[PDB]
Amino acid sequence: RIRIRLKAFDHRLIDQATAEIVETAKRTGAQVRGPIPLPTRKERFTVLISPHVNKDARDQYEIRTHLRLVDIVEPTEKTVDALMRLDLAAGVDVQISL
Amino acid sequence: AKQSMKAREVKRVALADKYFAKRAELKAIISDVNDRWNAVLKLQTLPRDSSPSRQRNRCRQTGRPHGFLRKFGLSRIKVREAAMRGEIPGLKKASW
Amino acid sequence: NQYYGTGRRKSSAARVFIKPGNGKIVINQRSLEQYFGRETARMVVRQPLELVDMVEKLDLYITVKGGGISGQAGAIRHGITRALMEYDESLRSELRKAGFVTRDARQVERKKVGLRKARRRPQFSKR
Amino acid sequence: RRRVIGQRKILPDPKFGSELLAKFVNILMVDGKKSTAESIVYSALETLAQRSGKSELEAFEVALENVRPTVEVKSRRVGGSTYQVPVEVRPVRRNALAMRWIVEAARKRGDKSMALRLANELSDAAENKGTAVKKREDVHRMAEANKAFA
Amino acid sequence: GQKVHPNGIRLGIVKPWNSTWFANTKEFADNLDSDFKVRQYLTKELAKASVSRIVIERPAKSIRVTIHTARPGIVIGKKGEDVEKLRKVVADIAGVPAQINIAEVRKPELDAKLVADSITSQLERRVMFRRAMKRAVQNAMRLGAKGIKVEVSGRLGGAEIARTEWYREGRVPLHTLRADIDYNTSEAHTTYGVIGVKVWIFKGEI
Amino acid sequence: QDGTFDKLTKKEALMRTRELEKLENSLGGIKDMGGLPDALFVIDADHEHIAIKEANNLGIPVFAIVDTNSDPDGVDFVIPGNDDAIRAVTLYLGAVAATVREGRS
RNA sequence: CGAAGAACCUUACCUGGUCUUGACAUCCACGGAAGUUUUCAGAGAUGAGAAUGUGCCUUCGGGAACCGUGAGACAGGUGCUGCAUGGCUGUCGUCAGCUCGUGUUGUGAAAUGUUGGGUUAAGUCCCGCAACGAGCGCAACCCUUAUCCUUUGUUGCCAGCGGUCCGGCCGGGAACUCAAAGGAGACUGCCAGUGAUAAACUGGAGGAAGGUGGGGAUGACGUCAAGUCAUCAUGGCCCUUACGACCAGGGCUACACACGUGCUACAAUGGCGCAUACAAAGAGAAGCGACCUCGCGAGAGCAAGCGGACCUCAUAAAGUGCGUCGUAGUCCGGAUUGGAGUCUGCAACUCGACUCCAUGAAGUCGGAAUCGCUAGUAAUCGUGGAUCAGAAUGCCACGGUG
RNA sequence: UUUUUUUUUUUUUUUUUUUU
């Protein structure tokens, strides 16, 4: 139960990233988990871009900031290794640390 | 008291280990109530100005100390920009 | 084979199963009268099963995660409403005709700024 | 105010199937706590029954007959001055009002515990002696009489 | 009785940014700081044909500077010697390189700004610019638009005089986050005090 | 003339079917108006009301079937007759409607 | 009150000790390697000594980190006016808004669709009336529900069995809570009564809400010539031997007076003594800390752990079973005063904040007359948080016997 | 076209220049 806490700004990017592990870190060992979410930060966003001090111009946006547990039952090198070889996919913050 | 004692803290703040909290790791053990050597503490207490834990602090994003919100790292007057750049992530429509 | 239900009232956080026959009502490891022994609300948790002759035909097993007996006494109501809804379609009428089908959702347009009721609009006989 | 949404429906009592006994103790509460107060009022119907050794619940109505009113007087100035004008309380308000008069006597009424106040006060009611009968009868000596001045 | 930005509140909807760049957690402060300074320098270089849009992109903190002016040929120089200069003095503050890209203001008459830079130039002649103010709006309106409202506040008379004047050469749907509208400004002096002109250019409906 | 009037929401489109109900019944004989009228042919003076006032302000020709309550000095053409009902107008109109096309030549 | 800590405190002010380029920060002129450690003075600012140190490019040039003294330019403060103005917030406001691009009866302050018939709780809807329609309010996007639908199985979490050394313990699998992303389904839908088979209003098929289903929310013009004038953003105008900036002290609380806000004490629908059944709302490395050692305890120590259901702070109070008082100023009243101790601190004492034992000031149901509070809502029944080297009873928000 | 539920409540000073 080593918890690789995958996250991104968008749902689209974390989807592609977990879908590689649940198959490839599963190859000869664990039933590796990956869809299982956390308190996903669906809030509202406000930054000022008013060209002078006059009415509003604080253009309100929306976010996903979506997060999941990848879970590996044993460190078993002969099954996990593809997730450590996945280093090149920089845009997903993986928080392996436990 | 505006820019003030900054000039006095900056010259001794970074050495609070050397003044106490690593200089203590042999002689300060005996010197405690739990250990009773009565002779000792009273001759480590002399540095007075550095004497930790004491730091007047540096609110930086405000040029002077109109207070300082330790939960948030900003002055007591400063809140309203965080609705206009997100530095307080629960700053939304008020609970009253 | 078997049936099920779950509820959310005051604040339980409890479930129920149904098993084929012999007519009892347990709570994990003790009987109903042990878990609710003086709580005046103890009577309702079996009452729409006893109707349809449970004694040799149905049997009941409750489990819990927020004990809360003054809410649990009705959380079990909507729960056992669910269990029955797949055993017998006919009792949708019964459960409805006696209220057992309902769950907790209604305030009556209440206080937000200070006026007691706040949806009903300004009103006349010509103005 | 145009909607028919008004009053409180509740369930009946846990032993004998009446909204009467439920509402009765559901005034007597004075601080909430319902369940044990319903158990004390059960003991009140038993401590009533110790007067005969039969079904004295058959006498709970017989007593409350002397304590249900007809009249109530409300805030009325419609002829330039105080002008009452009772008008009747509806069929359902009849014994719900009597609880208030039983409770407002019971609160301080001096008997041997919480049940034995309501047992004795409903004994007195049965015999027309009741504090609740006297509280009723005073608004009958007052309001029901001003029916000839309205 | 309100001044109301149509711009800024709606960046993705026909009104593109003054800056679109990305700094994380710690790295925001010196970016923003420089975002006033390179802007300062650029406009005093450009003022010989102004700057309609002053577009600071930052592809890797280093700065893809994108400058709409009426006459590129004077900031290009005699071909390339001011493009060297600018790229030096806009990188210098930032500490990182700044790729100076031009654009041409496609006819100044139609623009998000240059209607205000025409009227505020006239206050440097010091004589009665009113002879030329409604005129220079109505000229630019024969070459583009469907409505415009224009406001001047300032010191526009003599000795102690400060007052404010308002004008309407067409209708103005005031905020509409679907329309082609632009709000903007420009600022003058006349040896007594400020003359600050503002515009609402109702160009088109959608 | 096609089917695209039925778009978006049916209530957003029935809002305009009510606009049809209130406008084609009130303007259905003048749906174009790319230039002004040149002459006014008319059968009332007090309900129709405005028509004779607008005409006289602009100096327009007017052809008007009228009775004993009239003011004949506000029309180019009085035609003396019973003011109302379908019998009276129908005596005059089958010549009017012919002439306004057969006279084109 | 601002003050969410008027006894280092963001300093009023009472002062005394320095100054008026001052604490902070530049452009040239000649020059410097930057700092660690005590000793004696001093209330702080600052004063007098003694030792120990010598960095990176390296054109040996120019300087960096980084410290100087000497030039000319040259530094600052909540000072309120709403009234140059823009954001912003309010109680009025969930009224279905006004006034206008044209027109024209009114010269103009009259609104000019509110008029004339009727019709609805409703500017409700049939029309009419010399009235258009132009778009910013409209039409509504929302958040949380709540019930579920797929993909799910999460420290979660346990249907049905696998071992039990009796702990979901560890095997073992996918019913559902949970966690939750994409999202989704309730409409006069069909039944009776209502009347004009309009209206809509009632009960109900059917339901997790019902006729905005609830709770948050946005809060248009019009908003008192009201604010935020103590971060606002800035036009008109401040004092500048000054409202500019360094630093140690202290004293705000008295006491006759009230008067209230906030606290309670007047005993059994109470508690008191032993024993028994169930929730959680929260905040959490300037962190929060169990088990476990020494305990009369405030309070010491050991330290697993725990970063977001794992660590911990609640073992809500009610209630329930068995005993004890016997209506009794006590057994309850902490008003408080005999002594005893503490967590920090330059600091609390004429200034607190809490603890251990002795105790015991008003106490027994107060009148007049300042508004709480209609519903899942005030009696009733708790727990948390920040300011900040920190003790608010202020307030602030959701749960639940009722 | 009977219309007494108490009689009274100090001066100021608001008031964003101006020809059009």
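Size check on chain E: the Cα extents along the three principal axes, sorted descending, read 47, 39, 33 Å.
Cross-link reach is defined here as a Cα-Cα straight distance under 29 Å, omitting same-chain residues fewer than 8 places apart; for C:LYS24 the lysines meeting it are C:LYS10, C:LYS57, C:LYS65, C:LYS97, D:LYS15, D:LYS34.
Cβ-to-Cβ counts within 10 Å put D:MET142, E:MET141 in ascending order as D:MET142, E:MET141, the fewest first.
Convex hull volume of the C-alpha atoms in chain D, normalised per residue: 150 Å³.
When the C-alpha to C-alpha distance is required to be over 29 Å, the pairs from D:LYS23/D:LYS74; A:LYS42/E:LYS198; E:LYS15/E:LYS198 that qualify are A:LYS42/E:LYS198. Taking other C-beta atoms within 10 Å as the exposure proxy, E:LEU156, D:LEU11 rank D:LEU11, E:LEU156 from fewest upward. Relative intensity of the range C:3-110 on a log10 scale, I(q)/I(0) at q = 0.19, 0.21 Å⁻¹, equals -0.96, -1.17, per a Debye sum over C-alpha point scatterers of equal strength in the absence of solvent.
Applying the criteria of a DSSP loop state and at most 12 other Cβ atoms within 10 Å to the GluC sites (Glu not before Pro) of the range E:104-206 yields E:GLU160, E:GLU205.
A P(r) calculated from all alpha carbon pairs of the protein assembly as shown, with 10 Å bins opening at zero, reads 2, 7, 8, 10, 12, 12, 13, 14, 12, 7, 2, 1, 0, 0 percent. Here chain F is treated as a sphere whose radius is the Kirkwood value from Cα pairs; by Stokes-Einstein at 37 °C and 0.692 mPa s it diffuses with a coefficient of 193 µm²/s. Helix C:69-87 against the longest principal axis of chain C: what's the angle in degrees, Cα atoms only, rounded to the nearest 10? It works out to around 70 degrees. What trypsin sites (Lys or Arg not before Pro) in the range C:43-118 are in a loop by DSSP, with at most 16 other Cβ atoms within 10 Å of the Cβ? Sites meeting the loop and neighbour criteria: C:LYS65, C:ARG103, C:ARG106, C:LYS111, C:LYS112, C:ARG116. Sorted fewest first by neighbouring Cβ atoms within 10 angstrom, A:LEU88, B:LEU74 come out as A:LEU88, B:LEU74. Against chain F, whose longest principal axis is taken from its Cα atoms, helix F:86-102 shows a tilt of about 80°.
Measure nothing fancy, just the Cα-based angle from helix A:11-24's long axis to the longest principal axis of chain A, in degrees from 0 to 90, nearest 10. That works out to roughly 0 degrees. Semi-axes of the equivalent ellipsoid for the range E:141-206, computed as √(5λ) from the eigenvalues of its C-alpha gyration tensor and ordered from largest down, come to 29, 10, 10 Å. Pairs exceeding a 20 Å alpha-carbon distance, out of B:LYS92/C:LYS111; A:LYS7/B:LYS92; E:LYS37/E:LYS88; D:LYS54/D:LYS134; E:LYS48/E:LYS203: B:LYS92/C:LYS111; A:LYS7/B:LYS92; D:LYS54/D:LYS134; E:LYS48/E:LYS203. The calculated Kirkwood hydrodynamic radius for the range E:11-57 is 12.3 Å, given to one decimal from all distinct C-alpha pairs. Using only Cα atoms, locate the centre of the range C:49-127 and the centre of the range B:39-96, then give the distance between them in Å, rounded to an integer. Value for the Cα centre distance between the two parts: 52 Å. Determine the distance separating the Cα centre of the range D:39-118 from the Cα centre of the range F:1-70; give it in Å without decimals. Each part reduced to its Cα centre gives a spacing of 76 Å. With a 10 Å cut-off around each Cβ of E:6-13, the average count of Cβ atoms from other chains is 4. Viscosity 1.002 mPa s, temperature 20 °C: Stokes-Einstein D of chain B from its Kirkwood Cα radius, in µm² per second? The Stokes-Einstein estimate is 126 µm²/s.
Compactness of the range E:60-116 is given as radius of gyration and Dmax, 13.0, 37 Å, from Cα positions.
Can you give the translational diffusion coefficient of chain A in µm²/s, computed by Stokes-Einstein from the Kirkwood radius over Cα pairs at 10 °C and 1.306 mPa s? If you can, show how the numbers build up before the last one.
Values: Rh = 15.2 Å.
Estimated via Stokes-Einstein, D reaches 104 µm²/s.
Based on alpha carbons, the Rg and Dmax found for the range E:16-106 are 12.9, 43 Å. Under a Gaussian network description of chain A, with springs only between Cα atoms under 10 Å, the residue in A:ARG58, A:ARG33, A:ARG12 that fluctuates furthest is A:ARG58. For the range E:1-42 versus the range E:104-153, the inter-centroid distance based on Cα atoms is 25 Å.
Taken together, the values in this text are just the output of simple stated rules run on the coordinates, not laboratory data. Reconstructed Cβ throughout: ideal geometry from the backbone, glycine too, with neighbour counts over all protein chains shown.
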